[PDB]
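From first to last, the protein sequence lines stand for chains B and A. Residues 7 to 15, 24 to 29 (the deposited numbering) make up the first sequence, in order. For the second sequence, the deposited numbering assigns the number 19 to the initial residue and increments by one for each residue that follows.
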Amino acid sequence: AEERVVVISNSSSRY
Amino acid sequence: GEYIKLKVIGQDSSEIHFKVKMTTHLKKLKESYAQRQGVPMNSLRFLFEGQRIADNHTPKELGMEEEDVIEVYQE
Numbered sequence: 007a008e009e010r011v012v013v014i015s024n025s026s027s028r029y
Numbered sequence: 019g020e021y022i023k024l025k026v027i028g029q030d031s032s033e034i035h036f037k038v039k040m041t042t043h044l045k046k047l048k049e050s051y052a053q054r055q056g057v058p059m060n061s062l063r064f065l066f067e068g069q070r071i072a073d074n075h076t077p078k079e080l081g082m083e084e085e086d087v088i089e090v091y092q093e
């Protein structure tokens, strides 16, 4: 397997 | 603060690493891991030093550091 690194990161509303 | 990198070890010894902040609620890691494994999140339990990681636990609360390991087992 290859290395796997995952990064965990209203007025415009119309509906 | 800086991201820390956590290693998540599966039952098959595969690994997915996650960068999280010390204040990140670990539910976000659990959901991403379960998504990438293609299984329901509630089918898994996530352990740090053998203790269950709650949805609202953060790395700060658990005393986690860079390159700490989380193990995933079946619920």
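Virtual Cβ for every residue (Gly too), placed ideally from N, Cα, C.
- Message: With the cut-off set at 7 angstroms, would you say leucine 65 of chain A and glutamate 89 of chain A are in Cβ contact?
- Response: Walking along the second sequence from the start, residue 65 of chain A turns up at place 47. Walking along the second sequence from the start, residue 89 of chain A turns up at place 71. Contact flag set, yes.
- Is the CB of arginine 28 of chain B under 7 angstroms away from at least one CB in chain A? As a working note, residue 28 of chain B is residue 14 in the first sequence. Put simply, the CB of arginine 28 of chain B is far from chain A, with every gap to its CB atoms at 7 angstroms or more.
- Task: Confirm, please, whether the CB-CB distance from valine 26 of chain A to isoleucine 14 of chain B is below 7 angstroms.
- Result: Translated into the one-based positions of the first sequence, residue 14 of chain B becomes position 8. Translated into the one-based positions of the second sequence, residue 26 of chain A becomes position 8. No. Outside cutoff.
- Assign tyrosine 51 of chain A to one of three DSSP states: helix, strand, or coil. The residue labelled residue 51 of chain A in the question sits at position 33 within the second sequence. Reduced to three states, the DSSP call for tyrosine 51 of chain A is helix.
- State the DSSP-derived secondary structure class of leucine 80 of chain A, mapped to helix, strand or coil. The residue you call residue 80 of chain A lines up with position 62 of the second sequence. Here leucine 80 of chain A sits in helix by DSSP.
- Item | chain B residues whose Cβ lies nearer than 8 angstroms to that of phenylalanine 36 of chain A | For the purposes of this step, residue 36 of chain A is taken as the residue at position 18 of the second sequence. What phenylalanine 36 of chain A touches in chain B: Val11, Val12, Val13, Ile14.
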